[PDB]
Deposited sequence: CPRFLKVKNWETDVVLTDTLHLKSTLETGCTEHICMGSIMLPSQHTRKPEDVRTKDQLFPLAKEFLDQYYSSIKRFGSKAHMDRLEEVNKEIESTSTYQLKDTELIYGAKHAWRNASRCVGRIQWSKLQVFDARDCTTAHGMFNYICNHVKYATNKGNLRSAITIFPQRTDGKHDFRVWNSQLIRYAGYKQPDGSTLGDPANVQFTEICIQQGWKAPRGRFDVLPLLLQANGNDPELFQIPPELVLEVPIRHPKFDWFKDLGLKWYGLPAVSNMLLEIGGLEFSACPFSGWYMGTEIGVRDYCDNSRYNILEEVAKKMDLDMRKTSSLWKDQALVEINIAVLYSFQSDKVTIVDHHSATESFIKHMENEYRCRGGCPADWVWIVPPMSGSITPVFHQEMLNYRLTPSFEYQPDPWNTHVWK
């Protein structure tokens, strides 16, 4: 069944056949759509078919489907699974897998960049200190003095479910959040629970507004250990405005490297529970969401005041006006400091080109419109006008519960 997808601004119509290979569920039924819902030990039984699908996908990508190399590998894996209950991916398969997980991530607008991912194989890691070392090397490589390079570090896969490797942080670099007795919050409210766990584990918090959190690392299912990322490795950007000299006095700054560290990478049935990856930021992630969400730094009012905007009525659009200036400030500061960043106009335009390319070369591109459309100026970006089909392909990045909710303390 071929599915048509139309762009209501250019009338360009695309055809999707890729969805035919979708196996996983979406959350929607023929009677209800859960399109805006945030969150809608494998058995030997279920492991081999998953492995075979992956290996077939892999051998077809390298144009060796049906070869002797292909048939031997399938037999070798089948035997390995029966023999040990799991199997080990070859390096080439791991790289291909990690890249495809990114190519298949429907909530990511930065996928035009997928084939350029540097994969660091950390499957030989055994302890938390080992993890810390791999993580530092990843941050130094990815940061590259501001000329950001996409990367992913893959730690040992899940075995029995009791020896998991986990990065307890949500991103390798994030600011601490502290709830005050008066009910106010100091720092980033989004990380309050994690910050408490860190203090409980021994972290001596400086209790400021932009304290970089320590890494809390779990190796082989053992209790997590704290480590401080070397300051010289953490690139930060002071935020100032090109026309408003008082902006710098707001005392805002942000880290240059976004590094998701809480997702699960699934490849050929195998599960990598610690797979920190990094790219670069789209400005609105910082300027709209991190600074302006009511539940985050929530600076719209303070900025609105300094701009002396009419804040007596919402119809003056004082929030919208201030929102734009803060976003101008974020982009301006990063570019001035020569730290990679992409604005939402550029990122979305590139995503449409990526999508058209994918439809022609791959038969499709799963995309979640709810997440792809930027949180500000939605309709003045081309993605707003683009119909998109969302479905799940593997390899993939999946959510997993926060580790503190499932860990058995020793």
Counting from 1 along the deposited sequence, the ranges with no C-alpha atoms are 1-2, 43-51
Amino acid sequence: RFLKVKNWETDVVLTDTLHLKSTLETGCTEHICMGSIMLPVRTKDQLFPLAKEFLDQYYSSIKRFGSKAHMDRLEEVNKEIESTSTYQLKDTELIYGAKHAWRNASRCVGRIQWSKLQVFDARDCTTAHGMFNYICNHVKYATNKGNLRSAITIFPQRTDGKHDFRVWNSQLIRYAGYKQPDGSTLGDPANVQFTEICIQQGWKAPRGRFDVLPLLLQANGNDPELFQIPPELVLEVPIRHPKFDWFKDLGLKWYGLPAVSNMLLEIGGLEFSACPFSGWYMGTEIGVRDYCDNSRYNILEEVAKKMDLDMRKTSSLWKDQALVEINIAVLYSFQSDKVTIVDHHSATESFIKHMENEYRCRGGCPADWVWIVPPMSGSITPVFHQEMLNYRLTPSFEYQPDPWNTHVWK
From here on, numbers count along this sequence of modelled residues.
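In this text, the rigid core denotes the largest set of C-alpha atoms whose superposition between the two forms falls within 1.5 Å.
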Fitting on the rigid core only, I'd like to know which of the two stretches, 133-141 or 160-168, ends up farther away in Cα terms in 4 other deposited structures of this protein. 160-168
Once the rigid core is lined up, would you tell me whether 283-291 or 183-191 has the higher RMS CA deviation in 4 other deposited structures of this protein? 183-191
Of 282-290 and 155-163, which one has the bigger average CA B-factor? 155-163
Mean Cα B-factor check, 250-258 vs 301-309, entry values; winner is 301-309
Candidate residues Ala101, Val139, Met71, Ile95, the one whose C-alpha B factor the record puts highest: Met71
In terms of recorded Cα temperature factor, pick the maximum from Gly130, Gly146, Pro242, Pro189. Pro242
In terms of the CA temperature factor given in the entry, to which third of its chain does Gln171 belong: lowest, middle or highest? lowest
Once the chain's modelled residues are ordered by C-alpha B factor and cut into thirds, is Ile81 in the lowest, middle or highest one? highest
Modelled-residue ranking by C-alpha temperature factor, third containing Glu75: highest
Of the three thirds of Cα B-factor ranks in this chain, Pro206 occupies the highest
Based on the deposited C-alpha B factors for this chain, I'd like to know if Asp368 is in the lowest, middle or highest third. lowest
